[PDB]
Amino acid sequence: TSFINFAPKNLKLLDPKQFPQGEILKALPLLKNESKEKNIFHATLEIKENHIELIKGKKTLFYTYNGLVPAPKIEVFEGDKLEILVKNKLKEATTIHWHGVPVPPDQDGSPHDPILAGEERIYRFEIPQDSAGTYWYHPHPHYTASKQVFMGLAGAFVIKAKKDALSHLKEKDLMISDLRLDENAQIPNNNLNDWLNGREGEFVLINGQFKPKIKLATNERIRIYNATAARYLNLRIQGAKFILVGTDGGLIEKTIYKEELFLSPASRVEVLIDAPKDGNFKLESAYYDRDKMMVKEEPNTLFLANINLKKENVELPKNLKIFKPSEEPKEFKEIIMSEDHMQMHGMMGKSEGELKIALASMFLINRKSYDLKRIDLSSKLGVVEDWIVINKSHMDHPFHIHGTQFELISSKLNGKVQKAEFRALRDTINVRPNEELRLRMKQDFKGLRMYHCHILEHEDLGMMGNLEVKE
């Protein structure tokens, strides 16, 4: 439990007036392709500490990809062949997980295959047909994923089709992260509440920028990334609506119109914005009560950014994407997410050391904590399965499974059933307290996969298991 560090008690945080704000939103920098061959993407990611003059007077220590905040975006096409050299220049082990991207387990940066401090690894994989979607990359080492993210390590990863219903549209990225700064402009350690609830950095950023001015138009294909450790968003633009056109694993069948867009941690969508006319709007997130513990919160709306919106009509087809007929499942899995508050009650009498033990045995899957060495579940290569994911705890947890996209079939809550509102492919899904979800998927590569809560602090505290995929 040496990975559990608590911030100083009554740590004072930075005054938000000191944080640069109100700037025009910039596009993410792209990770340069070192190769000139057709359909070949070659590049290098260095993972390193850097000191950034963000707050006047002060240098802020970040962990970065290629020394950049925000990180370089990877953008490739279906059918491309990728090779990325990754150099770990941190003083601790790390990995890169291509979150949601269908790659073989040995190319996917799980805590089984760490990159030690001072070493390097090459990741190599093909971009499959039909994999167009909106993904991201971030660390997944044992125990320290939450700190490495909160230090700055998260980047965009997009797979494009050579041609699809929206591929002629100009694109925009709204990559949403969050950042905590102390009174001396440094990124502090988690406190107890962050470990219990998942850490939410007070400064919520879009492409690394605080309260920016965004120029958008209604004929743009906008990718939105919830790249936070634990923050639930319920996005809205009063006076406008979202036209949902895609989820993690790409386009959906038909436009879905939404006044609010719920985006739990690690989820991504593609949207257009609809409004009747040109205008100036505000991007906000409505408070979502996720039953955080030891916190009484103001149910406040979070303001994220100003949007200057240009109205341009755009032709949208009747069908965005033709989905394959749903396949029949042949085996079934059950995932129970739960918590043990045996200990933690009597918070009052515990030393720092005993809180750490409590935290480490608290967040469970199928009544167990993560064991790096234990195979929890086994599935057959290429076989369609339904996974029944149930949340028996008092608080939301977003479920993630590596290696595949799944389709929500149906959900149940409070003794009632709701069939999915539309077919979509996701790799991460919120599970409400007492809710039961039915998720259809298959695994197309042999080897080990994890599945876990994607509130990063819960994952690091053991809310995770191992899946073995065999022939």
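The first residue of the sequence shown is number 1, and the count goes up from there.
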For the C-alpha atoms alone, is the average B factor greater in 316-324 or in 148-156, going by the entry? 316-324
Between 299-307 and 113-121, name whichever shows the higher mean Cα B factor according to the PDB entry. 113-121
From 182, 78, 220, 339, pick the one with the largest CA B-factor in the entry? 339
Out of 267, 234, 134, 369, which shows the largest CA B-factor listed in the entry? 369
For residue 448, the third of its chain into which the C-alpha B factor falls: highest
Binned into thirds over the chain's modelled residues, the C-alpha B-factor of residue 423 lands in the lowest
Cα B factor band for residue 461 (lowest, middle or highest third within the chain): middle
Relative C-alpha B-factor of residue 57, binned into the chain's lowest, middle or highest third: highest
Among modelled residues of the same chain, the CA temperature factor third for residue 292: highest
